[PDB]
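Reviewing the structure listed below.
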2 protein chains.
Amino acid sequence: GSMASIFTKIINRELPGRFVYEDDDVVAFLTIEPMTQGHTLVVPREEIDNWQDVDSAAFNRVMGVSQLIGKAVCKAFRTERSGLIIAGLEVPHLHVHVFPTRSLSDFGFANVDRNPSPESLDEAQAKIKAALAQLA
Amino acid sequence: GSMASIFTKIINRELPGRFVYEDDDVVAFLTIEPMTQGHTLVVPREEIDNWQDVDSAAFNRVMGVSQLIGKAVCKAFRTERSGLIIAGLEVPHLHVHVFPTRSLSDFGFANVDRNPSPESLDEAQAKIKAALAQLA
């Protein structure tokens, strides 16, 4: 039921996720508690945690894919900037939050959408994928 | 008295700053509006902005120093975790926010300490610098 248990099932393909990106080392998929529409989690496939202590090569791969996602969410949702957060307090598997941003109030966990509609998520997924295709 | 104005003054040493790290490419100093004690800004010397668009050489140097600062704040303030944020809505020069964290509520701009004590800043700078020497 927890955010961590659902996260684990999504990456293990034991529950459906809305993925937007996959390579040999990193995947990205939509959160179910988005700060703004398009809020994506960028995640190493291996279980590592504690961003500041992970190997620089591994961290830089993850942040490289986060850059691509940040470019995509700006394009897809028509924002000048993208926000990025690493927190780790809910799920102990490294993941980078990347989302389009319009205000400083976007940042943080108090006002996340705890119930986004399936069409909103479908739409965020499709727009990010289209943006990534244009960028590729 | 804008954040952008003050940030520029600090970088240029026109206002005093509590620097914790300096190399040829990147500097780090305590922010004047900390989310938690020890909140540090990691800043490329180069005039660049928009994290997701930054070339990988430059971005990866900033990432490396961000990890180092993250390790130092965790050690200095005895927290398991550090938070990382990139926002950019207040200051149009790339800067990564790195701070020790114990709670999701730490994240975000709604309750920064807008006028932290000289004592809190002095102790934070001292403890971070000690931790950095210890990790070197």
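Numbering starts fresh at 1 for the residues of each chain in the structure tokens, the chains themselves are lettered A, B, ... in the order given, and ligands are numbered from 1 as they appear.
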
How close does each residue of chain B get to chain A, giving the shortest atom pair and distance in Å to one decimal for every residue with an atom at most 9 Å away, counting only C-alpha atoms, sorted by chain and residue number, as a Markdown table?
```
| residue | atom | partner | partner_atom | distance |
| --- | --- | --- | --- | --- |
| B:50 | CA | A:81 | CA | 7.1 |
| B:51 | CA | A:67 | CA | 7.2 |
| B:52 | CA | A:67 | CA | 4.1 |
| B:53 | CA | A:67 | CA | 6.9 |
| B:54 | CA | A:67 | CA | 8.3 |
| B:56 | CA | A:64 | CA | 7.6 |
| B:59 | CA | A:64 | CA | 8.8 |
| B:60 | CA | A:60 | CA | 6.4 |
| B:63 | CA | A:60 | CA | 7.2 |
| B:64 | CA | A:56 | CA | 6.7 |
| B:66 | CA | A:52 | CA | 7.4 |
| B:67 | CA | A:52 | CA | 4.2 |
| B:68 | CA | A:52 | CA | 6.8 |
| B:69 | CA | A:52 | CA | 7.9 |
| B:70 | CA | A:52 | CA | 5.2 |
| B:71 | CA | A:52 | CA | 5.6 |
| B:80 | CA | A:50 | CA | 8.2 |
| B:81 | CA | A:50 | CA | 6.7 |
| B:82 | CA | A:87 | CA | 7.2 |
| B:83 | CA | A:87 | CA | 5.0 |
| B:84 | CA | A:86 | CA | 5.0 |
| B:85 | CA | A:85 | CA | 4.5 |
| B:86 | CA | A:84 | CA | 5.1 |
| B:87 | CA | A:83 | CA | 5.0 |
| B:88 | CA | A:81 | CA | 7.6 |
| B:89 | CA | A:104 | CA | 6.8 |
| B:90 | CA | A:104 | CA | 8.5 |
| B:101 | CA | A:87 | CA | 8.2 |
| B:102 | CA | A:89 | CA | 8.1 |
| B:103 | CA | A:89 | CA | 7.2 |
| B:104 | CA | A:109 | CA | 6.4 |
| B:105 | CA | A:109 | CA | 6.9 |
| B:106 | CA | A:108 | CA | 8.1 |
| B:107 | CA | A:108 | CA | 5.1 |
| B:108 | CA | A:108 | CA | 4.9 |
| B:109 | CA | A:104 | CA | 6.4 |
| B:110 | CA | A:105 | CA | 7.2 |
```

Rotate and translate chain A onto chain B via least squares on all in-order Cα pairs, then write the result as a short mmCIF file (atom, residue, chain, number, x, y, z; two decimals) with N, CA and C atoms, in the first residue's frame.
```cif
data_model
loop_
_atom_site.label_atom_id
_atom_site.label_comp_id
_atom_site.auth_asym_id
_atom_site.auth_seq_id
_atom_site.Cartn_x
_atom_site.Cartn_y
_atom_site.Cartn_z
N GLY A 1 18.97 44.37 -3.21
CA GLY A 1 18.14 43.86 -2.08
C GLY A 1 17.65 42.44 -2.34
N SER A 2 17.43 42.12 -3.62
CA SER A 2 16.86 40.84 -4.00
C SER A 2 17.82 39.67 -3.68
N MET A 3 17.25 38.47 -3.68
CA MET A 3 18.06 37.28 -3.50
C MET A 3 19.05 37.19 -4.67
N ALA A 4 18.64 37.58 -5.88
CA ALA A 4 19.54 37.51 -7.03
C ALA A 4 20.69 38.52 -6.94
N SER A 5 20.38 39.75 -6.53
CA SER A 5 21.41 40.78 -6.42
C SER A 5 22.46 40.42 -5.34
N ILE A 6 22.00 39.92 -4.19
CA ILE A 6 22.91 39.49 -3.12
C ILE A 6 23.75 38.27 -3.57
N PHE A 7 23.10 37.30 -4.20
CA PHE A 7 23.81 36.17 -4.79
C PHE A 7 24.94 36.68 -5.71
N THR A 8 24.62 37.60 -6.63
CA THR A 8 25.62 38.09 -7.57
C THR A 8 26.81 38.73 -6.87
N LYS A 9 26.52 39.54 -5.86
CA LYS A 9 27.57 40.23 -5.09
C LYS A 9 28.46 39.25 -4.32
N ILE A 10 27.86 38.19 -3.78
CA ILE A 10 28.63 37.21 -3.04
C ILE A 10 29.62 36.51 -3.96
N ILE A 11 29.15 36.03 -5.11
CA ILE A 11 30.06 35.32 -6.03
C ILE A 11 31.10 36.26 -6.63
N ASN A 12 30.74 37.53 -6.83
CA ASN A 12 31.70 38.51 -7.32
C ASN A 12 32.59 39.12 -6.22
N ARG A 13 32.47 38.63 -4.98
CA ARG A 13 33.24 39.15 -3.83
C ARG A 13 33.09 40.67 -3.66
N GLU A 14 31.86 41.14 -3.82
CA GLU A 14 31.50 42.52 -3.53
C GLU A 14 30.67 42.61 -2.26
N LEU A 15 30.20 41.46 -1.76
CA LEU A 15 29.66 41.31 -0.38
C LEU A 15 30.24 40.03 0.23
N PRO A 16 30.42 40.02 1.57
CA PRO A 16 30.94 38.83 2.24
C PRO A 16 30.03 37.62 2.09
N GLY A 17 30.62 36.47 1.86
CA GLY A 17 29.88 35.19 1.87
C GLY A 17 30.59 34.22 2.81
N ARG A 18 29.85 33.21 3.24
CA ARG A 18 30.42 32.13 4.00
C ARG A 18 30.63 30.96 3.05
N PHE A 19 31.81 30.94 2.45
CA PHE A 19 32.18 29.88 1.55
C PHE A 19 32.58 28.65 2.33
N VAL A 20 32.30 27.48 1.75
CA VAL A 20 32.80 26.23 2.29
C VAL A 20 33.67 25.44 1.31
N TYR A 21 33.70 25.85 0.04
CA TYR A 21 34.40 25.08 -0.99
C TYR A 21 34.73 26.00 -2.18
N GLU A 22 35.89 25.76 -2.80
CA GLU A 22 36.29 26.50 -3.98
C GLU A 22 37.28 25.65 -4.78
N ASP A 23 37.01 25.47 -6.07
CA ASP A 23 38.02 24.96 -6.99
C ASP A 23 38.07 25.87 -8.23
N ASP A 24 38.73 25.44 -9.29
CA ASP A 24 38.93 26.28 -10.48
C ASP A 24 37.61 26.56 -11.21
N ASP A 25 36.64 25.66 -11.07
CA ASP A 25 35.35 25.75 -11.77
C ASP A 25 34.10 25.97 -10.94
N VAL A 26 34.12 25.57 -9.66
CA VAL A 26 32.93 25.56 -8.81
C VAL A 26 33.22 26.13 -7.43
N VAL A 27 32.28 26.88 -6.89
CA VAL A 27 32.34 27.36 -5.49
C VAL A 27 31.07 26.92 -4.76
N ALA A 28 31.16 26.83 -3.44
CA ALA A 28 30.00 26.59 -2.62
C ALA A 28 30.00 27.51 -1.42
N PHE A 29 28.83 28.03 -1.11
CA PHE A 29 28.66 28.94 0.02
C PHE A 29 27.30 28.82 0.62
N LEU A 30 27.17 29.25 1.86
CA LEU A 30 25.87 29.11 2.56
C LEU A 30 24.83 30.07 2.02
N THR A 31 23.60 29.59 1.86
CA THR A 31 22.48 30.48 1.61
C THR A 31 22.13 31.29 2.85
N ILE A 32 21.59 32.49 2.62
CA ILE A 32 20.98 33.29 3.69
C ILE A 32 19.53 32.95 3.98
N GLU A 33 18.94 32.04 3.20
CA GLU A 33 17.59 31.54 3.46
C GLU A 33 17.57 30.03 3.55
N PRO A 34 18.22 29.49 4.60
CA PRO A 34 18.36 28.03 4.64
C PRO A 34 17.06 27.29 4.96
N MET A 35 16.84 26.20 4.23
CA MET A 35 15.75 25.25 4.49
C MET A 35 16.01 24.50 5.82
N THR A 36 17.26 24.08 6.01
CA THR A 36 17.79 23.52 7.28
C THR A 36 19.20 24.09 7.53
N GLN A 37 19.70 24.04 8.76
CA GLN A 37 21.02 24.55 9.04
C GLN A 37 22.03 23.73 8.23
N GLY A 38 22.91 24.42 7.54
CA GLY A 38 23.87 23.78 6.66
C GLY A 38 23.54 23.82 5.18
N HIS A 39 22.41 24.41 4.82
CA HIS A 39 21.96 24.54 3.43
C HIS A 39 22.98 25.34 2.64
N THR A 40 23.57 24.66 1.65
CA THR A 40 24.72 25.18 0.90
C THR A 40 24.28 25.33 -0.56
N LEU A 41 24.81 26.35 -1.24
CA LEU A 41 24.62 26.52 -2.68
C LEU A 41 25.90 26.13 -3.39
N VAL A 42 25.79 25.21 -4.34
CA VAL A 42 26.93 24.78 -5.14
C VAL A 42 26.79 25.45 -6.50
N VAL A 43 27.83 26.19 -6.90
CA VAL A 43 27.68 27.15 -7.98
C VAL A 43 28.85 27.14 -8.97
N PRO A 44 28.57 26.97 -10.27
CA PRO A 44 29.68 27.14 -11.22
C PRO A 44 30.13 28.59 -11.22
N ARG A 45 31.43 28.82 -11.34
CA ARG A 45 31.93 30.20 -11.38
C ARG A 45 31.46 30.94 -12.64
N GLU A 46 31.46 30.25 -13.80
CA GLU A 46 30.91 30.84 -15.02
C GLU A 46 29.40 31.02 -14.90
N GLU A 47 28.88 32.07 -15.54
CA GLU A 47 27.43 32.29 -15.63
C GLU A 47 26.85 31.32 -16.67
N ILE A 48 26.31 30.22 -16.16
CA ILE A 48 25.44 29.38 -16.95
C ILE A 48 24.16 29.23 -16.11
N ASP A 49 23.09 28.82 -16.79
CA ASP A 49 21.76 28.69 -16.22
C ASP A 49 20.99 27.62 -17.01
N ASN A 50 19.90 27.13 -16.43
CA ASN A 50 19.01 26.15 -17.07
C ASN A 50 19.69 24.79 -17.07
N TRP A 51 19.68 24.14 -15.90
CA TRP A 51 20.47 22.91 -15.65
C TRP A 51 20.34 21.85 -16.74
N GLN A 52 19.12 21.65 -17.22
CA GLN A 52 18.87 20.53 -18.16
C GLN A 52 19.52 20.78 -19.52
N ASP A 53 19.76 22.04 -19.83
CA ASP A 53 20.38 22.44 -21.10
C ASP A 53 21.89 22.71 -21.06
N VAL A 54 22.50 22.73 -19.88
CA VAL A 54 23.92 22.98 -19.78
C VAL A 54 24.67 21.74 -20.26
N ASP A 55 25.89 21.96 -20.74
CA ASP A 55 26.75 20.88 -21.23
C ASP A 55 26.93 19.78 -20.16
N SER A 56 26.96 18.51 -20.57
CA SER A 56 26.99 17.42 -19.58
C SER A 56 28.26 17.45 -18.73
N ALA A 57 29.39 17.77 -19.34
CA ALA A 57 30.65 17.90 -18.58
C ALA A 57 30.57 18.97 -17.51
N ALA A 58 30.02 20.13 -17.85
CA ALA A 58 29.85 21.20 -16.87
C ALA A 58 28.87 20.80 -15.75
N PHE A 59 27.70 20.28 -16.14
CA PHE A 59 26.70 19.80 -15.16
C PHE A 59 27.28 18.71 -14.24
N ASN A 60 28.00 17.76 -14.82
CA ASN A 60 28.60 16.69 -14.01
C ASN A 60 29.66 17.19 -13.05
N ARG A 61 30.42 18.23 -13.43
CA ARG A 61 31.37 18.83 -12.48
C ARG A 61 30.64 19.41 -11.29
N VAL A 62 29.59 20.18 -11.59
CA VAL A 62 28.78 20.81 -10.55
C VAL A 62 28.13 19.75 -9.62
N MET A 63 27.59 18.70 -10.21
CA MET A 63 26.96 17.65 -9.42
C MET A 63 27.99 16.84 -8.62
N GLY A 64 29.21 16.71 -9.15
CA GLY A 64 30.30 16.07 -8.43
C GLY A 64 30.63 16.80 -7.14
N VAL A 65 30.79 18.11 -7.23
CA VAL A 65 31.00 18.91 -6.01
C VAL A 65 29.77 18.84 -5.12
N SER A 66 28.57 18.80 -5.69
CA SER A 66 27.34 18.64 -4.83
C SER A 66 27.37 17.33 -4.02
N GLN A 67 27.89 16.25 -4.63
CA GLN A 67 28.05 14.99 -3.89
C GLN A 67 28.96 15.18 -2.69
N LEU A 68 30.07 15.90 -2.87
CA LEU A 68 31.03 16.12 -1.77
C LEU A 68 30.37 16.93 -0.64
N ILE A 69 29.62 17.95 -1.02
CA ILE A 69 28.86 18.74 -0.06
C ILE A 69 27.78 17.91 0.65
N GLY A 70 27.04 17.09 -0.10
CA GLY A 70 26.05 16.19 0.49
C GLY A 70 26.68 15.25 1.52
N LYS A 71 27.82 14.65 1.20
CA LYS A 71 28.55 13.83 2.19
C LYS A 71 28.93 14.64 3.43
N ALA A 72 29.36 15.89 3.23
CA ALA A 72 29.75 16.77 4.32
C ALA A 72 28.61 17.19 5.24
N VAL A 73 27.46 17.54 4.68
CA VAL A 73 26.33 17.97 5.51
C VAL A 73 25.74 16.80 6.30
N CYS A 74 25.68 15.60 5.71
CA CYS A 74 25.30 14.38 6.48
C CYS A 74 26.20 14.18 7.69
N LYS A 75 27.51 14.26 7.46
CA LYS A 75 28.51 14.10 8.54
C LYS A 75 28.42 15.24 9.57
N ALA A 76 28.36 16.48 9.09
CA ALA A 76 28.43 17.65 9.93
C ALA A 76 27.20 17.78 10.82
N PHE A 77 26.03 17.41 10.30
CA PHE A 77 24.76 17.64 11.00
C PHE A 77 24.06 16.37 11.43
N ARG A 78 24.77 15.26 11.28
CA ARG A 78 24.35 13.98 11.80
C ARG A 78 23.01 13.53 11.22
N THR A 79 22.89 13.59 9.90
CA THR A 79 21.67 13.11 9.24
C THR A 79 22.04 11.94 8.35
N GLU A 80 21.08 11.04 8.15
CA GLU A 80 21.29 9.87 7.29
C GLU A 80 21.28 10.29 5.82
N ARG A 81 20.45 11.28 5.51
CA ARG A 81 20.33 11.75 4.15
C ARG A 81 20.55 13.24 4.00
N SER A 82 20.85 13.60 2.75
CA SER A 82 20.96 14.98 2.29
C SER A 82 19.93 15.20 1.19
N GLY A 83 19.27 16.36 1.21
CA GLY A 83 18.40 16.76 0.13
C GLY A 83 19.12 17.60 -0.91
N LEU A 84 18.62 17.55 -2.14
CA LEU A 84 19.19 18.31 -3.25
C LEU A 84 18.08 18.86 -4.11
N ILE A 85 18.19 20.12 -4.49
CA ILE A 85 17.18 20.76 -5.29
C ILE A 85 17.83 21.67 -6.29
N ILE A 86 17.35 21.59 -7.54
CA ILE A 86 17.64 22.66 -8.50
C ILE A 86 16.30 23.27 -8.86
N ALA A 87 16.19 24.60 -8.72
CA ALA A 87 14.94 25.30 -8.98
C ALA A 87 15.19 26.42 -9.99
N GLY A 88 15.87 27.48 -9.55
CA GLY A 88 16.37 28.51 -10.48
C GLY A 88 15.46 29.71 -10.64
N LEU A 89 14.32 29.68 -9.97
CA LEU A 89 13.30 30.72 -10.10
C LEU A 89 13.66 32.05 -9.42
N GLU A 90 14.54 32.01 -8.43
CA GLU A 90 14.97 33.22 -7.70
C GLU A 90 16.23 33.83 -8.28
N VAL A 91 17.18 33.02 -8.71
CA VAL A 91 18.48 33.53 -9.18
C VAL A 91 18.88 32.83 -10.50
N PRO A 92 19.03 33.60 -11.60
CA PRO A 92 19.29 32.99 -12.91
C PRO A 92 20.78 32.74 -13.17
N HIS A 93 21.39 32.02 -12.23
CA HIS A 93 22.75 31.55 -12.34
C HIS A 93 22.62 30.17 -11.72
N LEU A 94 22.96 29.15 -12.48
CA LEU A 94 22.86 27.77 -12.00
C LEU A 94 23.41 27.63 -10.58
N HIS A 95 22.63 26.98 -9.73
CA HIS A 95 23.09 26.68 -8.38
C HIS A 95 22.28 25.50 -7.84
N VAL A 96 22.97 24.61 -7.15
CA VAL A 96 22.36 23.40 -6.60
C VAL A 96 22.23 23.59 -5.11
N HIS A 97 21.03 23.37 -4.61
CA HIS A 97 20.79 23.43 -3.17
C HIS A 97 21.12 22.08 -2.52
N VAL A 98 21.97 22.05 -1.49
CA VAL A 98 22.31 20.82 -0.83
C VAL A 98 22.21 21.08 0.65
N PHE A 99 21.48 20.24 1.36
CA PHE A 99 21.20 20.46 2.76
C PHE A 99 20.96 19.15 3.50
N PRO A 100 21.23 19.12 4.81
CA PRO A 100 20.89 17.91 5.53
C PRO A 100 19.38 17.81 5.71
N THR A 101 18.83 16.60 5.70
CA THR A 101 17.38 16.47 5.77
C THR A 101 16.96 15.43 6.81
N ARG A 102 15.84 15.74 7.47
CA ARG A 102 15.22 14.87 8.44
C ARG A 102 13.75 14.52 8.07
N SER A 103 13.08 15.40 7.30
CA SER A 103 11.70 15.17 6.91
C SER A 103 11.39 15.71 5.53
N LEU A 104 10.37 15.13 4.91
CA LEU A 104 9.90 15.59 3.61
C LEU A 104 9.50 17.05 3.64
N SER A 105 9.06 17.53 4.80
CA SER A 105 8.69 18.93 4.95
C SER A 105 9.90 19.88 4.77
N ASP A 106 11.13 19.37 4.93
CA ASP A 106 12.33 20.20 4.70
C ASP A 106 12.36 20.78 3.29
N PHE A 107 11.76 20.07 2.32
CA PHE A 107 11.89 20.42 0.90
C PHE A 107 10.93 21.52 0.49
N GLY A 108 11.48 22.57 -0.10
CA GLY A 108 10.62 23.61 -0.59
C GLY A 108 10.85 24.92 0.08
N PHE A 109 10.16 25.91 -0.45
CA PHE A 109 10.61 27.24 -0.27
C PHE A 109 9.71 28.05 0.64
N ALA A 110 8.54 27.52 0.95
CA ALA A 110 7.62 28.18 1.88
C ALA A 110 8.25 28.36 3.27
N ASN A 111 8.87 27.33 3.84
CA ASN A 111 9.26 27.42 5.23
C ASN A 111 10.78 27.59 5.45
N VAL A 112 11.46 28.28 4.53
CA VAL A 112 12.88 28.62 4.72
C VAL A 112 13.01 29.57 5.91
N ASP A 113 14.18 29.56 6.54
CA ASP A 113 14.47 30.50 7.60
C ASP A 113 14.88 31.81 6.93
N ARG A 114 14.07 32.85 7.04
CA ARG A 114 14.41 34.13 6.38
C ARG A 114 15.35 35.00 7.24
N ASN A 115 15.70 34.51 8.43
CA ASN A 115 16.54 35.29 9.33
C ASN A 115 17.47 34.46 10.22
N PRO A 116 18.37 33.68 9.60
CA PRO A 116 19.19 32.79 10.42
C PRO A 116 20.20 33.60 11.21
N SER A 117 20.50 33.18 12.43
CA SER A 117 21.44 33.92 13.26
C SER A 117 22.88 33.81 12.73
N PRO A 118 23.69 34.87 12.98
CA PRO A 118 25.06 34.80 12.52
C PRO A 118 25.80 33.61 13.14
N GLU A 119 25.56 33.28 14.41
CA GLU A 119 26.26 32.11 14.97
C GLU A 119 25.85 30.81 14.29
N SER A 120 24.57 30.66 13.99
CA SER A 120 24.13 29.46 13.24
C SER A 120 24.83 29.29 11.90
N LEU A 121 25.04 30.40 11.21
CA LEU A 121 25.69 30.37 9.93
C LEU A 121 27.18 30.12 10.11
N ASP A 122 27.77 30.76 11.13
CA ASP A 122 29.18 30.54 11.45
C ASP A 122 29.43 29.08 11.75
N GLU A 123 28.53 28.53 12.54
CA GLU A 123 28.62 27.15 12.96
C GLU A 123 28.44 26.17 11.80
N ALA A 124 27.45 26.42 10.94
CA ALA A 124 27.26 25.58 9.74
C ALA A 124 28.51 25.59 8.85
N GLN A 125 29.07 26.77 8.64
CA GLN A 125 30.28 26.91 7.84
C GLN A 125 31.44 26.14 8.41
N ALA A 126 31.64 26.28 9.71
CA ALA A 126 32.77 25.64 10.34
C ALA A 126 32.63 24.12 10.37
N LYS A 127 31.42 23.63 10.63
CA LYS A 127 31.18 22.19 10.65
C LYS A 127 31.30 21.56 9.27
N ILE A 128 30.80 22.24 8.24
CA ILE A 128 30.96 21.70 6.87
C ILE A 128 32.43 21.66 6.48
N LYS A 129 33.17 22.74 6.76
CA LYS A 129 34.58 22.76 6.46
C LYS A 129 35.34 21.65 7.19
N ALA A 130 35.01 21.41 8.46
CA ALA A 130 35.65 20.34 9.21
C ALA A 130 35.34 18.98 8.59
N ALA A 131 34.07 18.76 8.20
CA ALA A 131 33.65 17.51 7.58
C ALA A 131 34.35 17.27 6.25
N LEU A 132 34.45 18.33 5.44
CA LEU A 132 35.18 18.26 4.20
C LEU A 132 36.66 17.94 4.43
N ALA A 133 37.27 18.49 5.48
CA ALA A 133 38.66 18.17 5.79
C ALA A 133 38.80 16.68 6.12
N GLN A 134 37.84 16.12 6.86
CA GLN A 134 37.92 14.71 7.25
C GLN A 134 37.73 13.79 6.04
N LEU A 135 36.89 14.21 5.10
CA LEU A 135 36.63 13.48 3.87
C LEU A 135 37.76 13.55 2.85
N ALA A 136 38.49 14.66 2.80
CA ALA A 136 39.54 14.89 1.79
C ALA A 136 40.60 13.78 1.80
#
```

Point to revise | DSSP-assigned helix (DSSP H, G or I) among chain B, expressed as a ChimeraX atom specification | key: /B:3-11,51-53,56-77,104-106,118-135
